[PDB]
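Student: Once you've had a glance at the structure underneath, I'll fire off some questions.
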Amino acid sequence: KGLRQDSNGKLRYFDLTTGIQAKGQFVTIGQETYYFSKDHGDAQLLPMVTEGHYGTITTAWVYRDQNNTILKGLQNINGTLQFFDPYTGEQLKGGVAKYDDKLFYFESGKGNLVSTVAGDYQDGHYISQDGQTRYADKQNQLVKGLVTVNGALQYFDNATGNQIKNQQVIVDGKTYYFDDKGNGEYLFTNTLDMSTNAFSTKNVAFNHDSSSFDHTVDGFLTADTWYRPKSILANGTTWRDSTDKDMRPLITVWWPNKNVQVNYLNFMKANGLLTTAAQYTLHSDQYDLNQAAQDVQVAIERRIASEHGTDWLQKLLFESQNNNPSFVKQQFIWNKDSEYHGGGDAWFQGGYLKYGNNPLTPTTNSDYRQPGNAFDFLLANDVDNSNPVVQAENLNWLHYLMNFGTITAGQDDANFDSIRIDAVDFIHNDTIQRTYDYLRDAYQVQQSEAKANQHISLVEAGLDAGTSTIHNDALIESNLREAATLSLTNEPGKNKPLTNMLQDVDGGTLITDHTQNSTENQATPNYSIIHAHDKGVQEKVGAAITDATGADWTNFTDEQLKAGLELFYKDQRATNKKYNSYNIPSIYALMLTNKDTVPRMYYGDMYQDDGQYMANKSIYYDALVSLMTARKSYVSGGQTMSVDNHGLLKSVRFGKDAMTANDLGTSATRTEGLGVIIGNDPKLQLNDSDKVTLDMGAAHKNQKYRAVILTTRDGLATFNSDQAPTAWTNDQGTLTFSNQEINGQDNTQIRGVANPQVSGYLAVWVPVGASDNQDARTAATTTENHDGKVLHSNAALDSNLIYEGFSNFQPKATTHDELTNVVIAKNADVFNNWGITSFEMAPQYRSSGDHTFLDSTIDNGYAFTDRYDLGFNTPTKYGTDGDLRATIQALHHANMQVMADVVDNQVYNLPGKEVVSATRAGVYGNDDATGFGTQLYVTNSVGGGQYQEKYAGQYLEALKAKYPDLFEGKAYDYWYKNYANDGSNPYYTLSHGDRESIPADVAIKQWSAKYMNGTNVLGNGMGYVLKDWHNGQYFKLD
Ligand SMILES: OC[C@H]1O[C@H](OC[C@H]2O[C@H](O)[C@H](O)[C@@H](O)[C@@H]2O)[C@H](O)[C@@H](O)[C@@H]1O
Ligand SMILES: OC[C@H]1O[C@H](O)[C@H](O)[C@@H](O)[C@@H]1O
Ligand SMILES: [Ca+2]
Ligand code: NA
């Protein structure tokens, strides 16, 4: 058998196991690779091409020889068969070429020849028939089997002609994947059958007990597994019964596919264990591959004897040799290539794996894992917030945070008062609804504005957070940030008109209208920002790093951050800004004077990260101080806003108790109210007769005004007392400006300017004569609410002001006194004096430090393992637990409430391993259609830490006794955002929820996969948990 000469001297081949003649295929025998004809089966020697190197031409691959000439057609290169266009010599990858008047497929990875294709079709058409898709050829006949259709590899079931979509399929000993559109790719070539010989039978496992195998997880075997065989070939010579000390690697005796087996033989050859000129390819006869593996095993046993051990073998197969990835990691099925990272729905970390169920994984299965919101995955280990036990644990943690001082040191003035729900749209609605009911039970926020306004909570979303807007349990983000991004933050010539600032609209739904706002309790309670720790900041700091160093987020060091931050602030301080927003003061002037919003100041707009906390003031500092100071003293009453014929935005507040322009107001009103004039065109010039007006209203006739902000040539002049330039209203309450100075006072004229602080125009005007302690704010009342809403947008809510008190890119403290939390406490009275009523602290959880995302590289507190560790023993980035308690006390003693950033979405760096069923998925929690399919997967899912062990579940029995309502099932409503098909505006419908009852007697002392929805991709591959790929059956120990 094998290669046999016929009666006319011609060569033919017969498969060494089956005896079938080779026709229309390639076969590697000895050192040589032959083709055998599809007609008579006549051999053809394909010359081995060694030397040369892979090339480029204008943009594709070729291969050039020893004499630098470009090779064409079929080529036998170092044990692979490749095809190069017969004219340009451009390498074919992922397609078919004709040879011997039939079709062969060359895979998309390396262009290797891997299989036969039945036909290639261009002229047929798809049909829908008996509930299926099929393909009919040019004679209207159904096409069957593995084919190409219009250049795409596809498969149609042989019996029916039904097209296969979203499945892995075995065709003639090769495994492919066909995506959601039926488009195909090669995965691997299968092994035929294992050596049934006496040698192989000695290699069978001693038994199926766990003591016979290692590197196992939950009873499953992995690529790293070593095992005890029945017998051992001691010394390379003598079969003996194995002992309990004999262990050998499973991948010396068994391979998941042919590609791995061939790669193994060649690797071993290259490292001394096989001496031969024989070539091992995908076209080698399986018999010869099986035999050569046995010869490798002989040589291993000889070396095990010489070395008195297996430590050399551990290294050879499983560790990086010469900077190269290990043998295991070189294989497709054991690396990230078989996980198909990325895609549009893979927002971070290369995308996600979603957990499912499997009969063999009872300890990781779940009856839950529904997203219950519009998004699901984002980062790291995604917490299943639909799970009843997890929802209880969320109440436990919330309780812990809201009583942190009481619990850790008996200090009742050192507890958080409100929350931020981080990544709200990525957690199940039941947990959000239940969280709001907790705040209701604990603080009676629903009773009146006086209770609600003591606990002003917020979420990271707009109107889409339907559980947050249905009863206005928390503030949503207004559309101001997005609107200002269109009309103010861009360079000259890239801003839209300011008419987009007149209404606050979220996908066509009105949040509040500024044009003529004389009402109260109409607007959706909201916060307005321009920047945040993660809104409009990273991307720009990243561009700065790159011009500065060459690095970016995927590779940057601590020195490179510092270098990037130097360039960042240098840019920020110039007129012409390569990376920074324009018109920041003007945007803050809008934020701080608009009616029906609670503004939130960002730390980073006031201070610079090229210094320690609060050390370096930003260029915008004086202007934002001046704006906060004037808001406290003057801003109350109604609003009007319009854009005039010169493009200038004119905004007026009338002052306390004046809702309209025609309101005569009361005696408090006369010295309150203000006027704001903004332009976004730095070349604005008025003619000599043009006027710009502010209609201050009927309470402000014949009245002197004074500047708070004026645009100057170089920047902005700021004034915090009545010693400033002045101007007078006429008998209707109108202020009138022009291109002339008023009474010779510099910077009172209207004109476009370009400087570091403004690109267009900014002025702010307040009535003269306020007392030194005038406070235009409105106190909350104890009056009972009757409309079902927790928060109401009115003068009292408008009187609050939030401070986001951190940045991602702040540096590490070098001393106690530099720690953020120690500096905050010391500066408490500064915040109170600015009118901050809510201090939003960073998340205080200890960072995982694992560098798998930005959060765990600059250690901001969003990426943690132990969510109860708030700086016990050694500090977080911001301080120790004792510092945190002192900060909360200091803020409370300066009349602020303090907000806890509650991060229910994920947990990082859980070192303990488990096995779970997994499929590729995106942020929406939709199954992606990838070659990974659905595989059992070794996840990093078990852990938590010392404070979770100490505190998780500890308060549940007492919470159930005090607020039993929280542990019951409950019916509820919420708004749901729908996207229209025809590209018109999203629209809101009312959804119904029914949360489940939850238990008080199961604690989550450590995370594990049964409490998780999934994980970011880990790079182990589609086949690191071992199975028989012929029938799909996992190896599992009993
Ligand atoms: O390194 C030799 C290599 O050169 C070409 O492929 C390069 C590169 O092409 C794709 O991006 C693949 O995904 C990579 O794995 C490849 O290394 C030839 O096409 C290939 O035949 C050869 O191995
Ligand atoms: O060309 C249009 C499409 O028609 C059918 O839906 C086929 O299943 C698909 O493979 C093809 O892409
Ligand atoms: Ca989630
Ligand atoms: Na509290």
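Following the order of the structure tokens, first chain is A, next is B, and so on, with residues numbered from 1 inside each chain and ligands from 1 in the order they appear.
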Got a sec: who's within 7 Å of residue 989 of chain A, counting only C-alpha atoms, leaving out chain neighbours fewer than 4 positions off, as a ChimeraX atom specification?

Tutor: /A:975-977

Student: Please build the interface table for chain A against ligand 3 with a cut-off of 9 Å, listing for each qualifying residue the nearest atom pair and the distance in Å to one decimal; count only C-alpha atoms and all ligand atoms, order rows by chain and increasing number, and write it as a tab-separated table.

Tutor:
```
residue	atom	partner	partner_atom_place_in_ligand_line	distance
A:371	CA	ligand 3	1 (Ca)	6.9
A:373	CA	ligand 3	1 (Ca)	8.8
A:375	CA	ligand 3	1 (Ca)	6.9
A:376	CA	ligand 3	1 (Ca)	4.1
A:377	CA	ligand 3	1 (Ca)	4.8
A:378	CA	ligand 3	1 (Ca)	6.7
A:379	CA	ligand 3	1 (Ca)	8.4
A:381	CA	ligand 3	1 (Ca)	8.7
A:382	CA	ligand 3	1 (Ca)	5.2
A:383	CA	ligand 3	1 (Ca)	5.9
A:384	CA	ligand 3	1 (Ca)	6.8
A:385	CA	ligand 3	1 (Ca)	7.3
A:423	CA	ligand 3	1 (Ca)	8.2
A:424	CA	ligand 3	1 (Ca)	8.7
A:425	CA	ligand 3	1 (Ca)	8.1
A:426	CA	ligand 3	1 (Ca)	4.3
A:427	CA	ligand 3	1 (Ca)	4.6
A:428	CA	ligand 3	1 (Ca)	7.4
A:904	CA	ligand 3	1 (Ca)	8.0
A:905	CA	ligand 3	1 (Ca)	4.8
A:906	CA	ligand 3	1 (Ca)	6.7
A:923	CA	ligand 3	1 (Ca)	8.6
A:925	CA	ligand 3	1 (Ca)	8.8
A:1012	CA	ligand 3	1 (Ca)	8.9
A:1013	CA	ligand 3	1 (Ca)	7.3
A:1014	CA	ligand 3	1 (Ca)	8.7
```

Student: Would you please work out which residue, of A:406, A:91, A:166, A:44, is nearest to ligand 2 when using only C-alpha atoms and all ligand atoms?

Tutor: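 Closest residue, counting only C-alpha atoms and all ligand atoms: A:166.
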
Student: Would you mind writing down, as number ranges by chain, each residue of segment 299-485 of chain A that DSSP on the backbone assigns to strand (DSSP E)?

Tutor: A: 352-356, 381-383, 418-421, 458-459, 476-477

Student: Using only C-alpha atoms and all ligand atoms, which residues of chain A come within 8 Å of ligand 2, and what is the closest atom pair for each, with the distance in Å to one decimal? Give it as a Markdown table, sorted by chain and residue number.

Tutor:
```
| residue | atom | partner | partner_atom_place_in_ligand_line | distance |
| --- | --- | --- | --- | --- |
| A:126 | CA | ligand 2 | 4 (O) | 5.7 |
| A:127 | CA | ligand 2 | 5 (C) | 7.6 |
| A:133 | CA | ligand 2 | 8 (O) | 5.8 |
| A:134 | CA | ligand 2 | 8 (O) | 7.4 |
| A:154 | CA | ligand 2 | 10 (O) | 7.5 |
| A:163 | CA | ligand 2 | 8 (O) | 6.7 |
| A:165 | CA | ligand 2 | 8 (O) | 7.7 |
| A:181 | CA | ligand 2 | 10 (O) | 4.8 |
| A:182 | CA | ligand 2 | 10 (O) | 4.8 |
| A:183 | CA | ligand 2 | 10 (O) | 6.3 |
```

Student: Using only C-alpha atoms and all ligand atoms for the distances, tell me which of A:1018, A:338, A:139, A:23 is nearest to ligand 1.

Tutor: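 Among the listed residues, the smallest separation from ligand 1 belongs to A:338.
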
Student: As a PyMOL selection string, please: every protein or nucleic acid residue near ligand 4 (cut-off 8 Å, counting only C-alpha atoms and all ligand atoms).

Tutor: chain A and resi 402-403+415-418

Student: Can you pull out every residue within 10 Å of residue 152 of chain A, counting only C-alpha atoms, but drop anything in the same chain fewer than 5 positions away, and send it as a list in words?

Tutor: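 Listed by chain and then number, they are residues 94, 95, 96, 120, 121, 147, 182, 183, 184 and 185 of chain A.
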